[PDB]
Every structure is written in C-alpha cells, then in structure tokens.
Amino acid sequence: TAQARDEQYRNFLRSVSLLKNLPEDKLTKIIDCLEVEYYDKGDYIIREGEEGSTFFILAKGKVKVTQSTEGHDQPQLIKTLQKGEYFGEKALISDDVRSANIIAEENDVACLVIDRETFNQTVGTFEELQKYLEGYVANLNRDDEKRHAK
C-alpha cells in the first residue's frame, strides 16, 4: 500500500545521519521524489570526470570508491561505503564534474537517487546541514590534494 511504502522509506531515511533531523515535510518531499537504481558487481554508479547532478543514498549492499592519482597507473582504492551512507554531493556543492569512481562491490546493490532541485529544496534548505556539507567537502578537497588526485 501507498502508506506502507512511504513508512518503509521514512523509517530507512531517518536512519541516515544526514537526514536524521530533517523536518517531516522535507523528508516527505524526498520520499515522493526519490528514484531507485539497482547495480550488479562491477558496475560503475559514478565515473570520475563525467557530469553529474544527482545525490545518492546507498540503500543496500556495498560499493568501493576509487580515484586517479599521480604516480599511479590504476585508480587507487580510497574506501568502501555500506548501507545508510551516501555520495555524489561533492559535484553539487563544488559545481564540478564527478571527482571519483563509485563501483558496485556486490550484486543487487541498490541506491536511492535524488535530483539537484530536490536536494536543494530539502537538505540545502537548512543552514545547519548546508554548513555541515560544505565543511565535509572542504575536508575532501584536502584529502584529494594529499593523495595527489588527478
């Protein structure tokens, strides 16, 4: 049922650090506008260098994050993300192309997809979250420069 569906998504979204304290009305907007994408082991969810305007929330499975760096021929494995975590916000906050690869590490991986407008009208609407995200993005820029990202 419609309401049972919204409830299952609402319960899951409340468990995401970034959305935990969001007001009910904005959480409802996320629930009405989100889309679901499934991936199999090895699939690229995001490719470094491509244009991107969507924010992702890992709803099932695990993915790996890889990045091209100076001195290396193959992208370096930066970290792994699991259910409840998110990615893709950097492109929206810096207004730039994707800065790393996100690859499905398991079969039947599932991500919740949120467009730029929705992201701006919800998360970007509260100064608390905006400030948190900017600070986090600033740290990522510093990690990139440290490992000599390409």
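Numbering starts at 1 and runs along the sequence shown.
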item	value
Higher-B stretch (mean Cα B-factor, as the entry records it), 125-133 or 7-15	125-133
Mean C-alpha B-factor comparison - 55-63 and 102-110, higher one	102-110
Among modelled residues of the same chain, the CA temperature factor third for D96	lowest
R47 CA temperature factor, ranked by third within the chain	lowest
Assigned third (lowest, middle, highest) for the C-alpha B factor of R116	highest
Among modelled residues of the same chain, the CA temperature factor third for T69	highest
